[PDB]
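Peer 1: Coordinates in coords-v5.cif, mmCIF, C-alpha atoms, are listed below.
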data_upload
loop_
_atom_site.label_atom_id
_atom_site.label_comp_id
_atom_site.auth_asym_id
_atom_site.auth_seq_id
_atom_site.Cartn_x
_atom_site.Cartn_y
_atom_site.Cartn_z
CA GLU A 897 0.00 0.00 0.00
CA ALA A 898 1.23 3.47 -0.95
CA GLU A 899 -1.59 5.46 -2.55
CA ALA A 900 -0.76 9.05 -3.54
CA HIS A 901 2.74 10.42 -4.08
CA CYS A 902 4.42 13.81 -3.74
CA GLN A 903 5.16 15.19 -7.21
CA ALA A 904 8.65 16.19 -8.27
CA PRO A 905 10.08 18.84 -5.88
CA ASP A 906 10.14 22.39 -7.26
CA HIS A 907 13.46 23.88 -8.31
CA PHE A 908 15.19 25.90 -5.61
CA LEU A 909 18.16 26.92 -7.78
CA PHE A 910 20.06 28.00 -4.68
CA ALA A 911 20.27 24.35 -3.64
CA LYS A 912 21.51 21.24 -5.45
CA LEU A 913 19.82 17.88 -4.85
CA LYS A 914 21.75 15.61 -2.49
CA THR A 915 19.89 12.32 -2.08
CA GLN A 916 19.53 9.02 -3.93
CA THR A 917 16.75 9.41 -6.50
CA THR A 918 15.69 7.47 -9.59
CA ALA A 919 12.07 8.48 -10.19
CA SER A 920 9.87 11.51 -10.83
CA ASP A 921 7.10 10.67 -8.36
CA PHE A 922 8.32 10.69 -4.75
CA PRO A 923 6.60 8.66 -2.00
CA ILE A 924 4.91 10.65 0.77
CA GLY A 925 6.80 10.57 4.04
CA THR A 926 10.35 11.27 2.90
CA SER A 927 12.68 14.24 3.30
CA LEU A 928 14.79 15.18 0.29
CA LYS A 929 18.24 16.59 1.06
CA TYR A 930 19.29 19.84 -0.63
CA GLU A 931 22.56 21.71 -0.14
CA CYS A 932 22.62 25.46 -0.80
CA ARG A 933 25.09 26.98 -3.27
CA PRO A 934 28.50 28.43 -2.23
CA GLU A 935 27.06 31.95 -2.38
CA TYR A 936 24.56 30.80 0.26
CA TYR A 937 24.56 29.71 3.91
CA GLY A 938 22.09 27.74 6.02
CA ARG A 939 23.26 24.12 6.23
CA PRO A 940 21.64 21.30 4.18
CA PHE A 941 17.88 21.19 4.75
CA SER A 942 15.19 18.86 3.42
CA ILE A 943 11.58 19.00 2.22
CA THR A 944 9.32 16.40 3.84
CA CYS A 945 6.53 14.84 1.77
CA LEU A 946 3.56 15.31 4.07
CA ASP A 947 0.47 13.71 2.53
CA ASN A 948 -1.37 16.17 0.30
CA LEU A 949 1.26 15.42 -2.33
CA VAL A 950 3.12 18.43 -1.08
CA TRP A 951 6.50 19.18 0.37
CA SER A 952 6.92 20.73 3.81
CA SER A 953 7.02 24.52 3.58
CA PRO A 954 10.64 25.63 4.13
CA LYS A 955 11.07 28.92 5.97
CA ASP A 956 14.10 31.20 5.83
CA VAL A 957 16.50 28.25 5.77
CA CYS A 958 18.67 29.11 2.77
CA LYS A 959 20.12 32.62 2.54
CA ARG A 960 22.75 34.15 0.25
CA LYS A 961 26.16 34.80 1.82
CA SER A 962 26.72 38.23 3.36
CA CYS A 963 29.91 40.08 4.25
CA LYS A 964 30.26 41.79 7.63
CA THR A 965 29.54 45.53 7.46
CA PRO A 966 32.79 47.55 7.16
CA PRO A 967 33.66 49.83 10.12
CA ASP A 968 32.80 53.47 9.42
CA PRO A 969 35.99 55.25 8.22
CA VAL A 970 37.20 58.23 10.21
CA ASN A 971 35.40 61.37 9.05
CA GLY A 972 33.19 59.37 6.69
CA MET A 973 30.71 56.51 6.25
CA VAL A 974 29.69 53.77 3.81
CA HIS A 975 26.17 53.72 2.35
CA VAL A 976 24.75 50.39 1.27
CA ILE A 977 22.79 50.79 -1.95
CA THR A 978 20.56 47.84 -1.07
CA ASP A 979 22.35 45.49 1.29
CA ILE A 980 25.74 43.76 1.62
CA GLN A 981 25.39 40.31 0.06
CA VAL A 982 28.02 38.64 -2.13
CA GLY A 983 26.79 40.85 -4.98
CA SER A 984 25.73 44.24 -3.62
CA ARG A 985 28.39 46.96 -3.70
CA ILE A 986 28.67 49.60 -0.98
CA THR A 987 29.63 53.19 -1.76
CA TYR A 988 32.08 55.09 0.42
CA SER A 989 31.82 58.84 1.03
CA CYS A 990 33.62 61.06 3.53
CA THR A 991 31.98 64.02 5.25
CA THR A 992 32.15 67.33 3.36
CA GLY A 993 35.70 68.61 3.67
CA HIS A 994 37.87 65.48 3.60
CA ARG A 995 38.27 63.32 0.49
CA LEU A 996 38.29 59.52 0.61
CA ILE A 997 41.67 57.81 0.20
CA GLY A 998 41.79 54.24 -1.08
CA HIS A 999 39.09 53.51 -3.66
CA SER A 1000 35.48 54.65 -4.18
CA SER A 1001 33.06 51.72 -4.03
CA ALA A 1002 33.91 48.19 -2.88
CA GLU A 1003 31.74 45.32 -4.11
CA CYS A 1004 30.88 42.45 -1.79
CA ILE A 1005 31.79 39.12 -3.35
CA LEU A 1006 32.80 35.53 -2.57
CA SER A 1007 35.91 33.43 -3.14
CA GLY A 1008 34.38 30.04 -2.44
CA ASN A 1009 34.49 29.29 1.27
CA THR A 1010 34.15 32.81 2.67
CA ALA A 1011 32.72 36.09 1.38
CA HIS A 1012 34.81 39.26 1.39
CA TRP A 1013 34.84 42.78 -0.06
CA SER A 1014 36.69 43.20 -3.35
CA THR A 1015 38.57 46.14 -1.83
CA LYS A 1016 39.33 47.28 1.72
CA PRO A 1017 37.64 50.47 3.05
CA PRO A 1018 39.49 53.71 2.10
CA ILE A 1019 40.09 56.68 4.41
CA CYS A 1020 39.35 60.39 4.74
CA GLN A 1021 41.66 63.41 4.82
CA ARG A 1022 41.34 67.19 4.48
CA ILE A 1023 41.48 68.17 0.84
CA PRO A 1024 44.47 70.42 -0.06
#
Take the structure in the file and write it out as structure tokens.

Peer 2:
Amino acid sequence: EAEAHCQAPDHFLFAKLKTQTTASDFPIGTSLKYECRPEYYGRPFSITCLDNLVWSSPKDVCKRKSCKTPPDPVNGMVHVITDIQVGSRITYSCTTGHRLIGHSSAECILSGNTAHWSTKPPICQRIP
């Protein structure tokens, strides 16, 4: 006996399947393992086939990697345009009077194991 089956799990994209599988229709009562992508963090979760031919509703389990906010530079401050994930770039701007020394806008990225800004935070110094 095994009436009803949970249809093929929807594509997460940010998670690659990680469990023995050789069929389209999955049997209810079975968690499928999925590991997020490098640019993501939240350990390997799993969607449980409940009964209504549906997979357990996953909350905020998977989340794109994010770099730690850079310390505000002396006589200045960085403004995030949206956020600080491995894709969003933060703009640096010193308070009126002193010009920034170093770069202009560092983009948050990822090497593979750990996320880090493409360029270290500049500085600020009175303009000659």

Peer 1: Specify as a ChimeraX atom specification each residue included when the PyMOL selection byres ((chain A and resi 978-987) around 6) is applied to this file.

Peer 2: /A:961-962,974-977,988,1001-1006

Peer 1: If the PyMOL selection byres ((chain A and resi 927) around 10) were run on this exact file, what residues would it hold? Put them as an MDAnalysis selection string.

Peer 2: chainID A and resid 915 922:926 928:930 941:946 951:952

Peer 1: Determine the nearest neighbour of residue 967 of chain A from the options A:989, A:1017, A:920, A:947, counting all atoms listed in the file.

Peer 2: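 Result for the nearest residue to residue 967 of chain A: A:1017.
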
Peer 1: Just so the selection is clear, what residues does the PyMOL selection byres ((chain A and resi 1023) around 10) cover here, as a ChimeraX atom specification?

Peer 2: /A:992-996,1020-1022,1024

Peer 1: Just give me the gap between atom CA of residue 991 of chain A and atom CA of residue 971 of chain A in Å, one decimal is fine.

Peer 2: 5.8 Å

Peer 1: Work out how far apart atom CA of residue 1013 of chain A and atom CA of residue 966 of chain A are and give it in Å to one decimal.

Peer 2: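 That distance, rounded to one decimal, is 8.9 Å.
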
Peer 1: Please compute the atom CA of residue 938 of chain A-atom CA of residue 1014 of chain A distance, one decimal, in Å.

Peer 2: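 Atom-to-atom, atom CA of residue 938 of chain A to atom CA of residue 1014 of chain A, that is 23.2 Å.
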
Peer 1: With a distance cut-off of 10 Å and all atoms listed in the file, select the neighbouring residues of residue 937 of chain A, excluding the residue or stretch itself and same-chain residues fewer than 2 positions from it, and output the selection as a CSV table (one decimal) with C-alpha atoms, keeping the file's coordinate frame.

Peer 2:
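Final output, selection_32.csv:
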chain,number,residue,atom,x,y,z
A,910,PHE,CA,20.1,28.0,-4.7
A,931,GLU,CA,22.6,21.7,-0.1
A,932,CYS,CA,22.6,25.5,-0.8
A,933,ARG,CA,25.1,27.0,-3.3
A,934,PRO,CA,28.5,28.4,-2.2
A,935,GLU,CA,27.1,32.0,-2.4
A,939,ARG,CA,23.3,24.1,6.2
A,940,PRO,CA,21.6,21.3,4.2
A,957,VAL,CA,16.5,28.2,5.8
A,958,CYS,CA,18.7,29.1,2.8
A,959,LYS,CA,20.1,32.6,2.5
A,960,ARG,CA,22.8,34.2,0.2
A,961,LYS,CA,26.2,34.8,1.8
A,962,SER,CA,26.7,38.2,3.4

Peer 1: Quick one: of A:903, A:918, A:965, A:1010, who's nearest to residue 950 of chain A, counting all atoms listed in the file?

Peer 2: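 For residue 950 of chain A, the nearest of the given residues is A:903.
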